[PDB]
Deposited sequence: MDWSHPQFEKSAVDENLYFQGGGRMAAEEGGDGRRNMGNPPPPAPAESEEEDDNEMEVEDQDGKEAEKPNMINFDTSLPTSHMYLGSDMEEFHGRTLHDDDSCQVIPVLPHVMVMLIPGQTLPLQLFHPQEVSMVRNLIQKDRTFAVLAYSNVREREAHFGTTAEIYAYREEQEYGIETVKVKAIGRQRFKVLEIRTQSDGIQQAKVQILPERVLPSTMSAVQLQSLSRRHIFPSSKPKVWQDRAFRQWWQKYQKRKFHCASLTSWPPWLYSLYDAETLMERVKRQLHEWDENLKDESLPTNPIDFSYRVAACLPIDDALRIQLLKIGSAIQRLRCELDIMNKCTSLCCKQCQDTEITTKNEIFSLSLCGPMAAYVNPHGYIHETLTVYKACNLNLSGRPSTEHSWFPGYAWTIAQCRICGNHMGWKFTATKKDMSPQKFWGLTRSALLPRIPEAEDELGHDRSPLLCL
C-alpha cells in the first residue's frame, strides 16, 4: 500500500506557504459578454475546477495581476487550436485564490494559485501596448438536464426512489427506467444517458488508479465530477478542446468513458511509435487525479501524469530535490531513448520507508495516446 500524502501535491508547497488567501467568489451570468485579461506566457488549457499554479516575473505580467487582485481576481486562459499562431476560439476563466508578492534579484515577482471557473467563447482578441492581451468573450452556460424519465412519468409510479450491490444497479435500471416501456427505447439505452450510471462507470476506473480512494473526496455533483475527470486524462490538445466545447455533464462523461476505453498505450509524440507507458501504469499520487498542472522555477507549466513503470526512458544528471512537486521525492530528467525528447522525470524517494519508492512524472505534451 501507498503511504505518501496525496494531499501534498494539490497544495503546491514548492510555491511556498504564507500566501494571501482570497475566499470571495465572482461568477458572471450565462451568455454574458465580458472583457478579461490574458496572461502572455500561459500556453496550457485550464478546465473548470482545475488548479493553475503560476510563477510570474515579467514586469507587464506582474503589474497586470497586481492590478487584478485590486478587483475581479479573474483572468482568461485560452484553449489554443494553434499554439504557434496563437489561435484560440475557446477558454476558461481563472480566479486567483492564493497570491504572494516578493522582491528579489532586482525584480518584482509574484506567485499565484488560481482555479478554473467558467468556460467561454472567444469573440475578439484585442492587444495592449504593454504586451498583455484582452479578450471579449461570451460565457458558456453549463447545461443541466433532468432525468430522461422526468417528462414521461407524471403518474403514480413516480414515487419509486433510487460485491452484492451489483444487483442493486440492475434493480436501479429496472426501477428508474421502468417507464421506458411508454417510449420507443429500452431501459438499457436510457442508462447510457443517466448521470448516476455514467458516473459509476467512470468511478470504476478512478478506483483502478486510486487504490486508497475514499468516496467522500469525490464530488457527488456530475458537473464537478465530469470536469475533475477531464483534467486528469492524458490526452492530446485536439481532444481536450473537444471536451471543453461540451456543455452537458452527460455528453462529457460519455466522451470521457469513450476516451478511457480506447486509451491503451502512451507513446513519444515525437517518435509516434516508441511506447513509453500504458493505461495500466497510471495511478493517482494526488487527490486531483493522476495528472495535474505544476510550475517550474521559470513559470513554465508542465501538466504531469504519475505512472509506476515507464519504458524507453533514459535519465541524465543526478537526482535533485530542488523545487520538487512531490515532497519527499527527488527528480531526475527523463528523455525518450530513441529521439531524446524530454518526457518528464523519474521521481525517487529520499527516505527508505516511503511508498512508492519510485514513480514517473510524464509531461502530457510529450505523450501521444497513438
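Missing C-alpha coordinates mark the following deposited-sequence intervals, in order: 1-70, 233-243, 452-469.
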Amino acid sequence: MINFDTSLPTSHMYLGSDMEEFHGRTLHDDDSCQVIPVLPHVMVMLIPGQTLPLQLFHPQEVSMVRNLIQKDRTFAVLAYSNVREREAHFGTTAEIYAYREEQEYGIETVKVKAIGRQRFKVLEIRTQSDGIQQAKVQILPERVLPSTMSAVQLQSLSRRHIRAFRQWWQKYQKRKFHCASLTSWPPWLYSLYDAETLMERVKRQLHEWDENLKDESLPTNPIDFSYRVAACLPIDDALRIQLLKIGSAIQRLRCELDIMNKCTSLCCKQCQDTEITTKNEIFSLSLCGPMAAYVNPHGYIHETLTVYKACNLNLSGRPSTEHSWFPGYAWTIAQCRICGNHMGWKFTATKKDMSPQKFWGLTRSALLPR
From here on, numbers count along this sequence of modelled residues.
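Note on 233-241 vs 153-161: mean CA B-factor is higher in 153-161.
When 251-259 is weighed against 201-209, 201-209 comes out higher, by mean CA B-factor as recorded in the entry.
Residues shown: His58, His28, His302, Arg337. Highest C-alpha temperature factor in the entry: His28. Between the residues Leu189, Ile115, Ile107, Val83, it is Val83 that shows the highest Cα B-factor in the PDB record. Per the PDB record, residue ranking by Cα B-factor puts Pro356 in the middle third of the chain. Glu124 sits in the highest third of its chain by CA B factor, as recorded in the PDB entry. When the modelled residues of the chain are ordered by their C-alpha B factor, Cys179 lands in the middle third. In the PDB entry, a CA B factor belonging to the middle third of its chain's modelled residues is recorded for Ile96. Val62: CA B factor in the middle third of modelled residues in this chain (values from the PDB entry).
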